[PDB]
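First up is the structure itself, then whatever we jot down about it.
Number of protein chains: 2
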Amino acid sequence: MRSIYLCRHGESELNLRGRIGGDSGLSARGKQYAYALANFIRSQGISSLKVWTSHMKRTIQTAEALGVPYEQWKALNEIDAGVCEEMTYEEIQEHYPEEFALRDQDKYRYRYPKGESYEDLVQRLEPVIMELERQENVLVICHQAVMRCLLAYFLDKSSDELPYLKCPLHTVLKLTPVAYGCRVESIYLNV
Amino acid sequence: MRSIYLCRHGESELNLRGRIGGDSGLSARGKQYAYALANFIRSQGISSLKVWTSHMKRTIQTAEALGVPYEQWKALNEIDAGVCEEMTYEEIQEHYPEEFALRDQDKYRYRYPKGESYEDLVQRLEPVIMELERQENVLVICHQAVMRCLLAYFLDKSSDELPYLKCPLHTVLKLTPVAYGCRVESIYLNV
Ligand SMILES: O=P(O)(O)C[C@@H]1O[C@H](COP(=O)(O)O)[C@@H](O)[C@@H]1O
Ligand SMILES: O=P(O)(O)C[C@@H]1O[C@H](COP(=O)(O)O)[C@@H](O)[C@@H]1O
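For the protein sequence lines, the chains are C and E, in the order given. Under our numbering, the first residue of the first sequence is numbered 1, with each subsequent residue one higher. Under our numbering, the first residue of the second sequence is numbered 192, with each subsequent residue one higher.
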């Protein structure tokens, strides 16, 4: 039996402002989740856990509170919002009214202007899944769209439903693959 | 056609120090804006302009440089920062870390400890708007939070966006209500 702790980075300065994308750092409370996740990891008493992050500051900074070392993966970088990077839902609807509607039609195949889609991201995550599905104890601190693609894989979900998976902030999903697919144990850390 | 000159008081001693609230007087440059606004008002050649201010020194002193008389309105007083009055962004984050985060969540409904919110202020400004929207030429020399509530009203803005309106110092917004809402002509006085 092995576990795969899929969690998202601690709340970022941009998450607080309701904005998407960017390479922002952790907010004061984001930092708190880092330490909160720290104590949690210690409470779990795992045998040689491998911590994987992305190149974004938010994930790195979350990891830096665990003391132990981490391996950075560019494939684990958040979906590129393209021309809509660092924008709010409103700004997107205002400056990109067409793209917004077009996106509500098909969420899986929607690709932002100058960016990628869940589909593109799926391709990008192929190597990550391959290495992840043959490792022992792993804590993958990533992002919302990435976490959904990975989660969906281990829970065999449709490309349709994939973009709607519950991947809130400060919540760690303890995945334990078993004979029929996988077992999820949701852990929420209040900070 | 009528105009509504919405401008903020001239820079105060506390504005220079990066502090909020208080009942401070105009800095030497604040005074300069008073005279600068004076010459501007004379350049505009208006017919019987009514000058409305608040009870705070900064607005009164700005008006006192126009020569003409002014009517003071307590409803036009700046939002009460409560327990955070006369503090800097840092001091607030230091001594009131929780309130600061709590405020970043909802800006419209955030109420300072022992003070008011944009929401409270909206209620307070009801009578001012009612009298303002039935007058002819008016110059309302007020403050940042007040100016946003008034501006937002005449430009029909959401309670969401309201707290983010551009209301810098030394800038006078010439509002001219027209059939579809209102017309704004931004005037900046360099001093
Ligand atoms: O983990 P993040 O990089 O912070 C991602 C966050 O998750 C959301 C993306 O997921 P949705 O498909 O639900 O919008 C973004 O709006 C937001 O930036
Ligand atoms: O017109 P004031 O009374 O000087 C107001 C000024 O405007 C700011 C309030 O507006 P924000 O919501 O942008 O902080 C204050 O920090 C500052 O004292």
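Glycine included, every Cβ here is placed at the ideal spot set by N, Cα and C.
The beta carbon of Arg-29 (chain C) sits closer than 7 Å to some beta carbon of chain E. One thing to note: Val-337 (chain E) has its Cβ no nearer than 7 Å to the Cβ of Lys-241 (chain E). Counting only runs of 4+ residues, the alpha helix (DSSP H) found wholly inside the region 328 to 363 of chain E occupies 335 to 345, in chain order. Think of a sphere of 9 Å around the beta carbon of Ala-292 (chain E): the chain C residues whose beta carbon falls inside it are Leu-16, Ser-27, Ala-28 and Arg-29, in chain order. The beta carbon of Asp-295 (chain E) sits closer than 7 Å to some beta carbon of chain C.
Per DSSP, the beta-bridge partners of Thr-176 (chain C) are C:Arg-183. Where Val-83 (chain C) is concerned, there is no enclosing beta strand (DSSP E), because DSSP gives it neither an H nor an E.
Proximity of the beta carbon of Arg-325 (chain E) to ligand 2 is not indicated: no heavy atom of the ligand is located closer than 6 Å. Taken atom to atom, the span from the alpha-carbon of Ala-225 (chain E) to that of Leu-197 (chain E) is near 14 Å.
The region 259 to 299 of chain E contains, as complete alpha helix (DSSP H) runs of 4+ residues, the segments 280 to 286 and 288 to 296 (chain order). For the pair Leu-217 (chain E) and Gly-258 (chain E), the Cα-to-Cα distance works out to about 17 Å. Listed in chain order, the positions of the region 351 to 379 of chain E with a beta carbon within less than 7 Å of a beta carbon of chain C would be empty, since no residue qualifies. Taken through DSSP and simplified to helix, strand or coil, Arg-325 (chain E) comes out as coil. Contact holds between the region 73 to 84 of chain C and the region 109 to 124 of chain C, because three or more Cβ pairs, one in each stretch, are under 8 Å apart. Around the Cβ of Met-56 (chain C), a 10 Å sphere holds 16 or more other Cβ atoms; the residue is buried.
Between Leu-360 (chain E) and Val-375 (chain E), the gap from beta carbon to beta carbon reaches 7 Å or more.
Contact annotation: the region 118 to 138 of chain C does not touch the region 94 to 102 of chain C, with fewer than three C-beta pairs closer than 8 Å. Put simply, of E:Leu-323, E:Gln-235 and E:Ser-239 the residue whose alpha carbon is nearest the alpha carbon of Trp-264 (chain E) is E:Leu-323. When the five nearest sequence neighbours on each side are left out, the beta carbons in the same chain lying within less than 6 Å of the beta carbon of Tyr-379 (chain E) are those of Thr-362, in order along the chain.
In this structure, the straight-line span from the alpha carbon of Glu-78 (chain C) to that of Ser-12 (chain C) is close to 13 Å. Annotated three-state conformation of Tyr-118 (chain C) is helix, per DSSP. In this structure, the CA atom of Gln-252 (chain E) is about 19 Å from the CA atom of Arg-210 (chain E).
In the assembly as shown, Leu-205 (chain E) is a buried residue. Its beta-carbon has 16 or more other beta-carbons within 10 Å. With 16 or more other Cβ atoms inside 10 Å of its own Cβ, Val-140 (chain C) counts as buried.
Between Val-191 (chain C) and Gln-32 (chain C), the C-beta gap is smaller than 7 Å, which places the two residues in contact. The beta carbon of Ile-283 (chain E) sits closer than 7 Å to the beta carbons of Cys-275 and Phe-291 from its chain, once the five residues preceding and following it are set aside; these are given in chain order. For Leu-228 (chain E), the closest alpha carbon among the candidates E:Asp-347, E:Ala-254 and E:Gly-212 is that of E:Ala-254.
Counting C-beta atoms within 10 angstroms of its own C-beta, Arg-29 (chain C) has 16 or more neighbours from the protein chains shown and is therefore classed as buried.
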